[PDB]
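Worksheet for the structure shown next.
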Amino acid sequence: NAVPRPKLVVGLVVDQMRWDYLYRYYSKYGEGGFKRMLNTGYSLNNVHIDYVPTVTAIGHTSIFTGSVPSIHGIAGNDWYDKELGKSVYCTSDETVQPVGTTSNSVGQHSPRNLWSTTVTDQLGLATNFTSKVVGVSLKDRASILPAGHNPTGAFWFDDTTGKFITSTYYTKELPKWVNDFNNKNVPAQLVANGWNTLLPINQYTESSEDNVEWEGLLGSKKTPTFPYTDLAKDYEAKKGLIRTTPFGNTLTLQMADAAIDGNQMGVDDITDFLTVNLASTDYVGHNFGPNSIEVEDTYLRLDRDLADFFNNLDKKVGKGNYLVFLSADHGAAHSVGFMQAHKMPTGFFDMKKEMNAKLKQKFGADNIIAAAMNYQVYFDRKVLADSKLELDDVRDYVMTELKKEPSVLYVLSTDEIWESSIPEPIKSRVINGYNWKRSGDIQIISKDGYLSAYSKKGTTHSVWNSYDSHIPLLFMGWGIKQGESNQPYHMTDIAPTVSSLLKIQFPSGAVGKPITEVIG
Ligand SMILES: [Zn+2]
Ligand SMILES: [Zn+2]
Ligand SMILES: [Zn+2]
Ligand SMILES: [Zn+2]
């Protein structure tokens, strides 16, 4: 007379995975990774992110809350907090201590900026907190936010030591199974032989040439080309280097396997929840771009690691006893230099300094703009009051100046989003992404293909356009029929779907709805 439930559900989010990575490299994947999810599970091929900006902290938050920044409070990886008078990192919390490391900047993090509950929170509430909930990622934000407010543990990678650590928000000390894993020095083992392509490099016909102008550098090498023979020496000097290799994903999945065993995840009938973010596809993509040989090799190597991961699930939990959903927190644009080489619309988006000089000339006061980030601009309320300036005047001028920019498609006040002459889906995505306390006073929408000038190599992601917002969404295992769909869905539909499969209450700020055709 019990509610039918899987023994374990695994939430995998491949960082920066554009949907078309599934098919650009389709002919090179094996049978047990992405193709196992496609061939035995359900693929939603028309899922878009229903907010902006399409960055990491929000993506992981919205996947697991079914909510939007306007409600759940995570308005980006960073945001300007006008009451604190400074920019704020999404997970930074100076009321906790590092656990397993002495670095405060690496370990002082918590989910305290998250206002809405997660599906992992709701599982704990539905099982009287007998459920094992563990988050794993190289990035603090991508481990903490999916895990929720009261998980068994949330672990992330310490660049200063090469170990997985946590904070006193979770436990006073690292569990034995984490110390055991760290002491193996898996990172050293992985980078020992450098980085060569898994296949013969001549076969990477889905990619550009190896040496192109728009690709960044890795480690000590001064050309963006294989082979990366000095990886082991470079990793030793900077252990954060492993983030920008396929071995960062391999490390993460071995850590996730250690979490399954260290917490007995999936052995009894009480549903456990493992969340793991694969961050290296984002680091590699940021440095080399979606058309690089580097990125293609990262996905061929991730594909094999996922096959090993699913095979370990079959032995430790049992096929049919676990539920997997795979998605991404966002896509990515093509590199500006790549698009220019092929005549596609593209370009680059120092606004705070430049506009403040103009605002200075126009109104006579300096530092009128407090911050410019996430395609928004914040005005310094302290400067406006002391200078006797109106927010609307100062805002109207900046918007008029921004309309002149060749990269600007729309500019609008965040007080007047609904009435603006902007089509859907852009208008509602701007609404969903606008958090009253933590978002700026002006919203900017860039033309297609334009990227930030923060780095003129590699690529980035933040915009509404389909290349950033079109994410894969694959379900596999317990309670999932095989199939695929081109019906439109939202990222905020993921958590409601898992909630319905588990017969648990939806998260507290959820705005999405279950994907009914998946539940079979
Ligand atoms: Zn990301
Ligand atoms: Zn290259
Ligand atoms: Zn259990
Ligand atoms: Zn990124």
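Starting from 1 in every chain, residues are counted up; chains themselves are A, B, ... following the order of the structure tokens, and ligands are numbered from 1 as listed.
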
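Running DSSP on the backbone gives alpha helix (DSSP H) for these residues within region 389-451 of chain A: residues 391, 392, 393, 394, 395, 396, 397, 398, 399, 400, 401, 402, 403, 426, 427, 428, 429, 430, 431, 432 and 433 of chain A.
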
Taking only C-alpha atoms and all ligand atoms into account, which residues are within 6 Å of ligand 2, as a PyMOL selection string?
chain A and resi 210-211+224-225+292-294

Write out as a PyMOL selection string which residues come within 8 Å of residue 146 (chain A) when counting only C-alpha atoms, dropping same-chain ones fewer than 3 positions away.
chain A and resi 60-61+63-64+118+120+135+142-143+275

Once you have the residues from the selection above, write them out as a short mmCIF file (atom, residue, chain, number, x, y, z; two decimals), in the first residue's frame, restricted to N, CA and C atoms.
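Generated output (again03.cif):
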```cif
data_model
loop_
_atom_site.label_atom_id
_atom_site.label_comp_id
_atom_site.auth_asym_id
_atom_site.auth_seq_id
_atom_site.Cartn_x
_atom_site.Cartn_y
_atom_site.Cartn_z
N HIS A 60 20.60 26.40 -12.82
CA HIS A 60 20.49 25.32 -11.85
C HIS A 60 19.37 25.59 -10.85
N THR A 61 19.20 26.84 -10.44
CA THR A 61 18.11 27.18 -9.53
C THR A 61 16.75 26.91 -10.18
N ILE A 63 15.96 24.99 -12.77
CA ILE A 63 15.72 23.58 -13.05
C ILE A 63 15.12 22.89 -11.83
N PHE A 64 15.62 23.22 -10.64
CA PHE A 64 15.26 22.50 -9.42
C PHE A 64 14.19 23.20 -8.59
N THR A 118 13.31 23.86 -3.40
CA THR A 118 13.66 23.02 -4.54
C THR A 118 12.86 21.73 -4.49
N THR A 120 14.35 18.99 -4.44
CA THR A 120 15.10 18.25 -3.43
C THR A 120 14.64 18.63 -2.02
N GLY A 135 24.55 16.99 -3.50
CA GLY A 135 24.89 17.75 -4.69
C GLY A 135 26.39 17.72 -4.93
N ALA A 142 26.78 25.49 -8.67
CA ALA A 142 26.11 24.39 -9.36
C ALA A 142 25.94 23.15 -8.50
N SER A 143 26.55 23.11 -7.31
CA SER A 143 26.32 22.05 -6.35
C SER A 143 25.35 22.47 -5.25
N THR A 275 22.27 15.12 -7.28
CA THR A 275 22.38 16.17 -8.29
C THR A 275 23.86 16.35 -8.64
#
```

Expressed in Å, the length from CA of residue 410 (chain A) to CA of residue 70 (chain A) is 20.0 Å

As a PyMOL selection string, please: the residues near region 345-349 of chain A (cut-off 7 Å, only C-alpha atoms, same-chain neighbours under 2 positions excluded).
chain A and resi 336+339-340+343+407+448-453

Once you count only C-alpha atoms and all ligand atoms, which residues end up within 7 Å of ligand 4, and could you hand them over as a VMD selection string?
chain A and resid 16 55 to 56 282 to 283 286 460 to 461

Just the residues within 10 Å of residue 272 (chain A), please, counting only C-alpha atoms, with nothing from its chain fewer than 3 positions along; format it as a ChimeraX atom specification.
/A:6-10,120,123-124,127,130-134,260,263-269,322

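Considering the residues A:471, A:255, A:114, A:84 and counting only C-alpha atoms and all ligand atoms, ligand 1 has its shortest atom-to-atom contact with A:471.
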
Which residue gives the smallest distance to residue 475 (chain A) among A:202, A:39, A:171, A:117, with only C-alpha atoms counted?
A:39

If you count only C-alpha atoms, which residues fall within 7 Å of region 364-373 of chain A, apart from same-chain ones fewer than 4 positions away, as a VMD selection string?
chain A and resid 80 351 to 352 356 359 to 360 377 to 380 383 to 384 387

Surrounding residues as a PDB file with N, CA, C and O atoms, in the first residue's frame, ligand 1, max 12 Å, only C-alpha atoms and all ligand atoms:
```pdb
ATOM      1  N   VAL A  13      22.897  18.006 -15.052  1.00  0.00           N
ATOM      2  CA  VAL A  13      22.820  19.177 -15.913  1.00  0.00           C
ATOM      3  C   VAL A  13      24.211  19.426 -16.483  1.00  0.00           C
ATOM      4  O   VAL A  13      25.168  19.679 -15.740  1.00  0.00           O
ATOM      5  N   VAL A  14      24.323  19.281 -17.801  1.00  0.00           N
ATOM      6  CA  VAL A  14      25.582  19.449 -18.516  1.00  0.00           C
ATOM      7  C   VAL A  14      25.744  20.933 -18.803  1.00  0.00           C
ATOM      8  O   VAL A  14      24.976  21.518 -19.570  1.00  0.00           O
ATOM      9  N   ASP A  15      26.742  21.541 -18.181  1.00  0.00           N
ATOM     10  CA  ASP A  15      26.881  22.987 -18.217  1.00  0.00           C
ATOM     11  C   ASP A  15      27.211  23.462 -19.629  1.00  0.00           C
ATOM     12  O   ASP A  15      28.159  22.976 -20.254  1.00  0.00           O
ATOM     13  N   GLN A  16      26.402  24.398 -20.133  1.00  0.00           N
ATOM     14  CA  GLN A  16      26.555  25.023 -21.446  1.00  0.00           C
ATOM     15  C   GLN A  16      26.251  24.073 -22.600  1.00  0.00           C
ATOM     16  O   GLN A  16      26.698  24.305 -23.729  1.00  0.00           O
ATOM     17  N   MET A  17      25.484  23.013 -22.369  1.00  0.00           N
ATOM     18  CA  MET A  17      25.201  22.060 -23.440  1.00  0.00           C
ATOM     19  C   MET A  17      24.062  22.584 -24.302  1.00  0.00           C
ATOM     20  O   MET A  17      22.897  22.542 -23.907  1.00  0.00           O
ATOM     21  N   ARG A  18      24.406  23.094 -25.483  1.00  0.00           N
ATOM     22  CA  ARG A  18      23.410  23.368 -26.507  1.00  0.00           C
ATOM     23  C   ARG A  18      22.701  22.077 -26.893  1.00  0.00           C
ATOM     24  O   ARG A  18      23.294  20.997 -26.888  1.00  0.00           O
ATOM     25  N   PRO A  53      18.836  36.621 -17.367  1.00  0.00           N
ATOM     26  CA  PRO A  53      19.876  36.086 -18.253  1.00  0.00           C
ATOM     27  C   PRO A  53      20.061  34.576 -18.143  1.00  0.00           C
ATOM     28  O   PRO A  53      19.814  33.994 -17.086  1.00  0.00           O
ATOM     29  N   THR A  54      20.506  33.951 -19.231  1.00  0.00           N
ATOM     30  CA  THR A  54      20.720  32.504 -19.256  1.00  0.00           C
ATOM     31  C   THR A  54      22.133  32.181 -18.760  1.00  0.00           C
ATOM     32  O   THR A  54      23.033  31.804 -19.513  1.00  0.00           O
ATOM     33  N   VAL A  55      22.307  32.330 -17.448  1.00  0.00           N
ATOM     34  CA  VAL A  55      23.575  32.018 -16.794  1.00  0.00           C
ATOM     35  C   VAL A  55      23.410  30.834 -15.839  1.00  0.00           C
ATOM     36  O   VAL A  55      22.303  30.326 -15.655  1.00  0.00           O
ATOM     37  N   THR A  56      24.517  30.414 -15.230  1.00  0.00           N
ATOM     38  CA  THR A  56      24.579  29.173 -14.452  1.00  0.00           C
ATOM     39  C   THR A  56      23.729  29.139 -13.194  1.00  0.00           C
ATOM     40  O   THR A  56      22.910  28.232 -13.018  1.00  0.00           O
ATOM     41  N   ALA A  57      23.946  30.111 -12.313  1.00  0.00           N
ATOM     42  CA  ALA A  57      23.274  30.123 -11.018  1.00  0.00           C
ATOM     43  C   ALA A  57      21.766  30.057 -11.195  1.00  0.00           C
ATOM     44  O   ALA A  57      21.092  29.305 -10.496  1.00  0.00           O
ATOM     45  N   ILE A  58      21.240  30.833 -12.146  1.00  0.00           N
ATOM     46  CA  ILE A  58      19.801  30.821 -12.380  1.00  0.00           C
ATOM     47  C   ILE A  58      19.369  29.504 -13.005  1.00  0.00           C
ATOM     48  O   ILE A  58      18.329  28.943 -12.643  1.00  0.00           O
ATOM     49  N   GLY A  59      20.145  29.004 -13.971  1.00  0.00           N
ATOM     50  CA  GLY A  59      19.774  27.771 -14.645  1.00  0.00           C
ATOM     51  C   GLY A  59      19.608  26.610 -13.685  1.00  0.00           C
ATOM     52  O   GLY A  59      18.595  25.909 -13.709  1.00  0.00           O
ATOM     53  N   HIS A  60      20.600  26.397 -12.821  1.00  0.00           N
ATOM     54  CA  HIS A  60      20.493  25.319 -11.846  1.00  0.00           C
ATOM     55  C   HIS A  60      19.372  25.585 -10.852  1.00  0.00           C
ATOM     56  O   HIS A  60      18.646  24.663 -10.465  1.00  0.00           O
ATOM     57  N   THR A  61      19.198  26.843 -10.443  1.00  0.00           N
ATOM     58  CA  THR A  61      18.108  27.175  -9.532  1.00  0.00           C
ATOM     59  C   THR A  61      16.753  26.911 -10.176  1.00  0.00           C
ATOM     60  O   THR A  61      15.874  26.297  -9.565  1.00  0.00           O
ATOM     61  N   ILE A  63      15.965  24.990 -12.768  1.00  0.00           N
ATOM     62  CA  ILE A  63      15.719  23.577 -13.047  1.00  0.00           C
ATOM     63  C   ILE A  63      15.117  22.894 -11.826  1.00  0.00           C
ATOM     64  O   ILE A  63      14.182  22.091 -11.942  1.00  0.00           O
ATOM     65  N   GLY A  76      21.173  35.858 -10.920  1.00  0.00           N
ATOM     66  CA  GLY A  76      22.387  35.721 -11.703  1.00  0.00           C
ATOM     67  C   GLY A  76      23.477  35.072 -10.881  1.00  0.00           C
ATOM     68  O   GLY A  76      23.310  34.784  -9.699  1.00  0.00           O
ATOM     69  N   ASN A  77      24.612  34.818 -11.540  1.00  0.00           N
ATOM     70  CA  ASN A  77      25.798  34.395 -10.800  1.00  0.00           C
ATOM     71  C   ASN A  77      26.215  35.470  -9.810  1.00  0.00           C
ATOM     72  O   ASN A  77      26.666  35.170  -8.699  1.00  0.00           O
ATOM     73  N   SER A 137      29.494  19.090  -7.806  1.00  0.00           N
ATOM     74  CA  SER A 137      29.916  19.882  -8.954  1.00  0.00           C
ATOM     75  C   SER A 137      31.308  20.424  -8.677  1.00  0.00           C
ATOM     76  O   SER A 137      31.739  20.506  -7.525  1.00  0.00           O
ATOM     77  N   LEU A 138      32.008  20.795  -9.749  1.00  0.00           N
ATOM     78  CA  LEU A 138      33.233  21.564  -9.575  1.00  0.00           C
ATOM     79  C   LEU A 138      32.929  22.973  -9.085  1.00  0.00           C
ATOM     80  O   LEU A 138      33.731  23.558  -8.349  1.00  0.00           O
ATOM     81  N   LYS A 139      31.785  23.528  -9.479  1.00  0.00           N
ATOM     82  CA  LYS A 139      31.405  24.883  -9.108  1.00  0.00           C
ATOM     83  C   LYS A 139      30.540  24.868  -7.858  1.00  0.00           C
ATOM     84  O   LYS A 139      29.611  24.064  -7.745  1.00  0.00           O
ATOM     85  N   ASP A 140      30.828  25.788  -6.936  1.00  0.00           N
ATOM     86  CA  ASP A 140      30.019  25.901  -5.728  1.00  0.00           C
ATOM     87  C   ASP A 140      28.551  26.133  -6.067  1.00  0.00           C
ATOM     88  O   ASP A 140      27.669  25.428  -5.563  1.00  0.00           O
ATOM     89  N   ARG A 141      28.274  27.104  -6.941  1.00  0.00           N
ATOM     90  CA  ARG A 141      26.892  27.466  -7.244  1.00  0.00           C
ATOM     91  C   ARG A 141      26.119  26.298  -7.849  1.00  0.00           C
ATOM     92  O   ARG A 141      24.928  26.121  -7.569  1.00  0.00           O
ATOM     93  N   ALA A 142      26.779  25.486  -8.672  1.00  0.00           N
ATOM     94  CA  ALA A 142      26.108  24.393  -9.361  1.00  0.00           C
ATOM     95  C   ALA A 142      25.940  23.150  -8.496  1.00  0.00           C
ATOM     96  O   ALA A 142      25.259  22.209  -8.919  1.00  0.00           O
ATOM     97  N   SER A 143      26.548  23.114  -7.313  1.00  0.00           N
ATOM     98  CA  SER A 143      26.318  22.050  -6.347  1.00  0.00           C
ATOM     99  C   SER A 143      25.353  22.468  -5.249  1.00  0.00           C
ATOM    100  O   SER A 143      24.459  21.702  -4.878  1.00  0.00           O
ATOM    101  N   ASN A 277      26.320  18.463 -11.540  1.00  0.00           N
ATOM    102  CA  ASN A 277      26.553  19.363 -12.658  1.00  0.00           C
ATOM    103  C   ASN A 277      27.888  19.012 -13.298  1.00  0.00           C
ATOM    104  O   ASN A 277      28.890  18.853 -12.595  1.00  0.00           O
ATOM    105  N   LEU A 278      27.895  18.875 -14.622  1.00  0.00           N
ATOM    106  CA  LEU A 278      29.114  18.614 -15.385  1.00  0.00           C
ATOM    107  C   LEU A 278      29.621  19.954 -15.905  1.00  0.00           C
ATOM    108  O   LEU A 278      29.162  20.443 -16.940  1.00  0.00           O
ATOM    109  N   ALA A 279      30.581  20.544 -15.189  1.00  0.00           N
ATOM    110  CA  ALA A 279      30.957  21.932 -15.437  1.00  0.00           C
ATOM    111  C   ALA A 279      31.988  22.104 -16.546  1.00  0.00           C
ATOM    112  O   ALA A 279      32.090  23.203 -17.103  1.00  0.00           O
ATOM    113  N   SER A 280      32.747  21.058 -16.884  1.00  0.00           N
ATOM    114  CA  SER A 280      33.885  21.233 -17.783  1.00  0.00           C
ATOM    115  C   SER A 280      33.458  21.557 -19.206  1.00  0.00           C
ATOM    116  O   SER A 280      34.227  22.174 -19.951  1.00  0.00           O
ATOM    117  N   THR A 281      32.254  21.144 -19.609  1.00  0.00           N
ATOM    118  CA  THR A 281      31.748  21.536 -20.920  1.00  0.00           C
ATOM    119  C   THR A 281      31.563  23.045 -21.007  1.00  0.00           C
ATOM    120  O   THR A 281      31.629  23.623 -22.097  1.00  0.00           O
ATOM    121  N   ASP A 282      31.341  23.695 -19.866  1.00  0.00           N
ATOM    122  CA  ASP A 282      31.208  25.145 -19.838  1.00  0.00           C
ATOM    123  C   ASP A 282      32.567  25.829 -19.873  1.00  0.00           C
ATOM    124  O   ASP A 282      32.756  26.803 -20.611  1.00  0.00           O
ATOM    125  N   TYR A 283      33.516  25.346 -19.070  1.00  0.00           N
ATOM    126  CA  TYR A 283      34.855  25.920 -19.083  1.00  0.00           C
ATOM    127  C   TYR A 283      35.513  25.739 -20.444  1.00  0.00           C
ATOM    128  O   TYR A 283      36.073  26.686 -21.006  1.00  0.00           O
ATOM    129  N   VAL A 284      35.438  24.527 -21.000  1.00  0.00           N
ATOM    130  CA  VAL A 284      36.005  24.289 -22.324  1.00  0.00           C
ATOM    131  C   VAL A 284      35.298  25.145 -23.367  1.00  0.00           C
ATOM    132  O   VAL A 284      35.940  25.791 -24.203  1.00  0.00           O
ATOM    133  N   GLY A 285      33.963  25.176 -23.321  1.00  0.00           N
ATOM    134  CA  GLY A 285      33.218  25.975 -24.282  1.00  0.00           C
ATOM    135  C   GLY A 285      33.543  27.454 -24.192  1.00  0.00           C
ATOM    136  O   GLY A 285      33.682  28.132 -25.213  1.00  0.00           O
ATOM    137  N   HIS A 286      33.678  27.972 -22.969  1.00  0.00           N
ATOM    138  CA  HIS A 286      34.013  29.381 -22.786  1.00  0.00           C
ATOM    139  C   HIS A 286      35.345  29.726 -23.431  1.00  0.00           C
ATOM    140  O   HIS A 286      35.524  30.833 -23.954  1.00  0.00           O
ATOM    141  N   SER A 327      19.717  17.640 -18.516  1.00  0.00           N
ATOM    142  CA  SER A 327      19.391  18.898 -19.160  1.00  0.00           C
ATOM    143  C   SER A 327      20.637  19.774 -19.145  1.00  0.00           C
ATOM    144  O   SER A 327      21.753  19.295 -18.921  1.00  0.00           O
ATOM    145  N   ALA A 328      20.443  21.063 -19.394  1.00  0.00           N
ATOM    146  CA  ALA A 328      21.523  22.031 -19.349  1.00  0.00           C
ATOM    147  C   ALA A 328      20.997  23.304 -18.714  1.00  0.00           C
ATOM    148  O   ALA A 328      19.796  23.580 -18.735  1.00  0.00           O
ATOM    149  N   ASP A 329      21.908  24.075 -18.129  1.00  0.00           N
ATOM    150  CA  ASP A 329      21.515  25.352 -17.552  1.00  0.00           C
ATOM    151  C   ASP A 329      21.426  26.459 -18.591  1.00  0.00           C
ATOM    152  O   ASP A 329      20.862  27.518 -18.291  1.00  0.00           O
ATOM    153  N   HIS A 330      21.944  26.219 -19.799  1.00  0.00           N
ATOM    154  CA  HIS A 330      21.917  27.155 -20.917  1.00  0.00           C
ATOM    155  C   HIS A 330      22.694  26.562 -22.085  1.00  0.00           C
ATOM    156  O   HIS A 330      23.391  25.556 -21.927  1.00  0.00           O
ATOM    157  N   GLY A 331      22.588  27.179 -23.252  1.00  0.00           N
ATOM    158  CA  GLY A 331      23.417  26.848 -24.396  1.00  0.00           C
ATOM    159  C   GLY A 331      24.613  27.767 -24.492  1.00  0.00           C
ATOM    160  O   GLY A 331      25.187  28.180 -23.478  1.00  0.00           O
ATOM    161  N   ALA A 332      24.988  28.100 -25.723  1.00  0.00           N
ATOM    162  CA  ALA A 332      26.080  29.032 -25.965  1.00  0.00           C
ATOM    163  C   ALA A 332      26.024  29.487 -27.411  1.00  0.00           C
ATOM    164  O   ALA A 332      25.583  28.745 -28.293  1.00  0.00           O
ATOM    165  N   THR A 460      30.383  32.896 -24.852  1.00  0.00           N
ATOM    166  CA  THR A 460      29.675  33.138 -23.601  1.00  0.00           C
ATOM    167  C   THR A 460      28.179  32.964 -23.853  1.00  0.00           C
ATOM    168  O   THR A 460      27.755  32.563 -24.944  1.00  0.00           O
ATOM    169  N   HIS A 461      27.373  33.289 -22.845  1.00  0.00           N
ATOM    170  CA  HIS A 461      25.957  32.953 -22.841  1.00  0.00           C
ATOM    171  C   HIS A 461      25.248  33.837 -21.825  1.00  0.00           C
ATOM    172  O   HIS A 461      25.747  34.011 -20.709  1.00  0.00           O
ATOM    173  N   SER A 462      24.097  34.393 -22.219  1.00  0.00           N
ATOM    174  CA  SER A 462      23.292  35.213 -21.316  1.00  0.00           C
ATOM    175  C   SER A 462      21.966  35.644 -21.934  1.00  0.00           C
ATOM    176  O   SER A 462      21.070  36.099 -21.217  1.00  0.00           O
ATOM    177  N   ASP A 468      21.260  30.183 -26.890  1.00  0.00           N
ATOM    178  CA  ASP A 468      21.497  30.164 -25.449  1.00  0.00           C
ATOM    179  C   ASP A 468      20.373  29.504 -24.662  1.00  0.00           C
ATOM    180  O   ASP A 468      20.635  28.890 -23.622  1.00  0.00           O
ATOM    181  N   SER A 469      19.126  29.622 -25.122  1.00  0.00           N
ATOM    182  CA  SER A 469      17.989  29.164 -24.339  1.00  0.00           C
ATOM    183  C   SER A 469      17.501  27.774 -24.717  1.00  0.00           C
ATOM    184  O   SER A 469      16.768  27.163 -23.933  1.00  0.00           O
ATOM    185  N   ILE A 471      17.719  24.172 -24.659  1.00  0.00           N
ATOM    186  CA  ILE A 471      18.468  23.203 -23.864  1.00  0.00           C
ATOM    187  C   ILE A 471      17.978  21.792 -24.159  1.00  0.00           C
ATOM    188  O   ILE A 471      16.788  21.591 -24.443  1.00  0.00           O
TER     189      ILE A 471
END
```

Using DSSP on the backbone coordinates, identify all residues within region 212-329 of chain A classified as strand (DSSP E or B); present the result as a PyMOL selection string.
chain A and resi 228+272-278+322-327

Can I get the selection written as a PDB file, in the first residue's frame, with N, CA and C atoms?
```
ATOM      1  N   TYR A 228      47.980  18.743 -25.730  1.00  0.00           N
ATOM      2  CA  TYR A 228      48.263  19.507 -24.518  1.00  0.00           C
ATOM      3  C   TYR A 228      49.147  18.634 -23.632  1.00  0.00           C
ATOM      4  N   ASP A 272      16.093   8.568  -2.827  1.00  0.00           N
ATOM      5  CA  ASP A 272      17.229   9.460  -2.673  1.00  0.00           C
ATOM      6  C   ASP A 272      17.397  10.301  -3.933  1.00  0.00           C
ATOM      7  N   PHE A 273      18.131  11.403  -3.797  1.00  0.00           N
ATOM      8  CA  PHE A 273      18.268  12.379  -4.873  1.00  0.00           C
ATOM      9  C   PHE A 273      19.725  12.804  -4.970  1.00  0.00           C
ATOM     10  N   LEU A 274      20.342  12.525  -6.115  1.00  0.00           N
ATOM     11  CA  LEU A 274      21.712  12.922  -6.416  1.00  0.00           C
ATOM     12  C   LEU A 274      21.680  13.960  -7.528  1.00  0.00           C
ATOM     13  N   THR A 275      22.273  15.124  -7.281  1.00  0.00           N
ATOM     14  CA  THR A 275      22.385  16.166  -8.293  1.00  0.00           C
ATOM     15  C   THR A 275      23.855  16.353  -8.642  1.00  0.00           C
ATOM     16  N   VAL A 276      24.180  16.285  -9.930  1.00  0.00           N
ATOM     17  CA  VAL A 276      25.555  16.495 -10.366  1.00  0.00           C
ATOM     18  C   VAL A 276      25.555  17.379 -11.607  1.00  0.00           C
ATOM     19  N   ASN A 277      26.320  18.463 -11.540  1.00  0.00           N
ATOM     20  CA  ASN A 277      26.553  19.363 -12.658  1.00  0.00           C
ATOM     21  C   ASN A 277      27.888  19.012 -13.298  1.00  0.00           C
ATOM     22  N   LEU A 278      27.895  18.875 -14.622  1.00  0.00           N
ATOM     23  CA  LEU A 278      29.114  18.614 -15.385  1.00  0.00           C
ATOM     24  C   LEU A 278      29.621  19.954 -15.905  1.00  0.00           C
ATOM     25  N   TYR A 322      15.900   3.510 -10.831  1.00  0.00           N
ATOM     26  CA  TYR A 322      16.343   4.889 -10.727  1.00  0.00           C
ATOM     27  C   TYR A 322      15.784   5.711 -11.877  1.00  0.00           C
ATOM     28  N   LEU A 323      15.666   7.010 -11.630  1.00  0.00           N
ATOM     29  CA  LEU A 323      15.153   7.968 -12.595  1.00  0.00           C
ATOM     30  C   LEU A 323      16.238   8.995 -12.879  1.00  0.00           C
ATOM     31  N   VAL A 324      16.540   9.213 -14.155  1.00  0.00           N
ATOM     32  CA  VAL A 324      17.533  10.198 -14.563  1.00  0.00           C
ATOM     33  C   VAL A 324      16.848  11.242 -15.426  1.00  0.00           C
ATOM     34  N   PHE A 325      17.119  12.513 -15.146  1.00  0.00           N
ATOM     35  CA  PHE A 325      16.822  13.577 -16.090  1.00  0.00           C
ATOM     36  C   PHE A 325      18.112  14.327 -16.383  1.00  0.00           C
ATOM     37  N   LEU A 326      18.389  14.529 -17.667  1.00  0.00           N
ATOM     38  CA  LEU A 326      19.560  15.260 -18.125  1.00  0.00           C
ATOM     39  C   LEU A 326      19.096  16.515 -18.842  1.00  0.00           C
ATOM     40  N   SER A 327      19.717  17.640 -18.516  1.00  0.00           N
ATOM     41  CA  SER A 327      19.391  18.898 -19.160  1.00  0.00           C
ATOM     42  C   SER A 327      20.637  19.774 -19.145  1.00  0.00           C
TER      43      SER A 327
END
```
